[PDB]
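Listed next as structure tokens is one chain, alone, in the form deposited in one PDB entry.
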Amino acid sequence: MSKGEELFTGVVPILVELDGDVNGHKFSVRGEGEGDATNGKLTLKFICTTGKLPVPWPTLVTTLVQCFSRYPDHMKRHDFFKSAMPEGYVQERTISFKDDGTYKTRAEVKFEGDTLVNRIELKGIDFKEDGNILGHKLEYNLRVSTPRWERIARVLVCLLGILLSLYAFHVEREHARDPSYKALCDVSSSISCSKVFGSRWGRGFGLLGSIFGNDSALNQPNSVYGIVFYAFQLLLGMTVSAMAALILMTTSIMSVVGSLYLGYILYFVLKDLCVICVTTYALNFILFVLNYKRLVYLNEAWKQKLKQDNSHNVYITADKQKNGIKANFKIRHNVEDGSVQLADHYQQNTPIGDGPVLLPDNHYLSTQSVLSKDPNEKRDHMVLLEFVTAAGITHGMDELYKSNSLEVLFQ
């Protein structure tokens, strides 16, 4: 929609000019290149014209032109950025670096003749002298350490496991000893009904009692081990380390052998059915497969660089009171020593001119960046290849996990 879109049917030259001040350090960045909105492709080179850069280049990527995003024709009536052209738009951001300082940025994005120009003023405040930013301790990339689907699958499986363990604990404590529980399970099929709760295997899995004192603290009902195991798996899956991966693998192998044991008991030596038990066995198997996939990825991702995702979603909503849009998103910068530096982006865009702009339904941009160097360039510089495509809106269920309403929850 809109006339402005007709301006992006071919290759458009790009100029970017940034003046910045971070903790009093002043600097200038100049960038040139070209953009292809039909492919959602940006090809740019930036040089610091004032000597060395005081902040890491990856922290400047989001500041240094979303009108080159590829909008599928279905989503074309949701493209605010092209509809504001050629008069363009003002883009303002606040970027909070966790446990560190803040960027405030204001930019005008507009056409000057043939060139799309992005003119930026940036101020950084309250940055630590030995933090990850002024310390230059961020990796030179914008990658995603673990694939996004594995992260969401892991959190979902662990959350369900914690809830099922809590429910099993509740049933053990407040239901399993009543005689009406027996009477009603003998005549009704319920998810709460199982013969293992009030059984030898309900505490410590049947073993590890009489291997320990059998009244010890280490011999707990199985739901306690469940809560502990799933919470531990979640909290350590947050971390991406070889150590963490080994520990998760070992615990998952223990969980699968324990599930085989208790399932053998369930089918043969305590003939019944326990829906809660079978569900947790399926969850343990899934976590096992996810931990194995994480180790395989850790070892073979270098080969599989050629097909890594590495996309970051920027969530856009309409802002009718200002005739513009707002957006939020989080960038996780990887730190050399293995930790992560979080950057919370808050963004608003308002049109510069007076013309019909498109106010969108909620959606997101999926953005992939490749950062490199020019070996001919002696100045402090960054080469940037960007791929940006809009998503989040379809009619069909087969790609429902792509919808904005589900993606927003996992960021």
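In this text, residue numbers run from 1 along the sequence as written. Rigid core (definition): largest C-alpha set, two forms, superposition within 1.5 Å.
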Select one of none, 1 to 3, 4 to 9, or 10 or more to describe the deposited residues without coordinates separating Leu64 and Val65. 1 to 3
Please classify the coordinate gap between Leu306 and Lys307 in terms of deposited residues: none, 1 to 3, 4 to 9, or 10 or more. 1 to 3
Averaging the C-alpha B factors as listed in the entry, name the stretch that ends up higher: 357-365 or 55-63. 357-365
Using only C-alpha atoms and the B-factors in the entry, which stretch averages higher, 389-397 or 8-16? 389-397
Out of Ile125, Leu283, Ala168, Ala242, which residue has the highest Cα temperature factor in the PDB record? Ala242
Check the PDB entry and point out which of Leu142, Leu134, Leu262, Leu287 has the largest C-alpha temperature factor. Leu262
Assigned third (lowest, middle, highest) for the C-alpha B factor of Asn323: middle
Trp149, C-alpha B-factor rank within chain (lowest, middle or highest third): middle
Thinking about Cα B factors across the chain, which third does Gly258 belong to? highest
Per the entry's values, where does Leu270 land by CA temperature factor relative to the rest of its chain, in the lowest, middle or highest third? highest
Relative C-alpha B-factor of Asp186, binned into the chain's lowest, middle or highest third: highest
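The same protein also has a form deposited in another entry, omitted here; what follows describes it.
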Which one moved? Candidates are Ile95, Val90, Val117, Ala244, criterion is a Cα shift of 2 Å or more between this form and the one not shown after superposing on the core. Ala244
Just checking, between this form and the one not shown and with the core aligned, does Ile325 shift 2 Å or more at the CA? no
After fitting the core, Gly213 CA displacement of 2 Å or more between this form and the one not shown: yes
Taking the rigid core as the frame, does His170 move its C-alpha by 2 Å or more between this form and the one not shown? yes
Check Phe232 against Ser339 at the C-alpha atoms and report closer or farther in that other deposited form, compared with the shown form; the change is 3 Å or more. closer
With a difference of at least 3 Å, the CA distance of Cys158 and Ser339 in that other deposited form shows the atoms closer
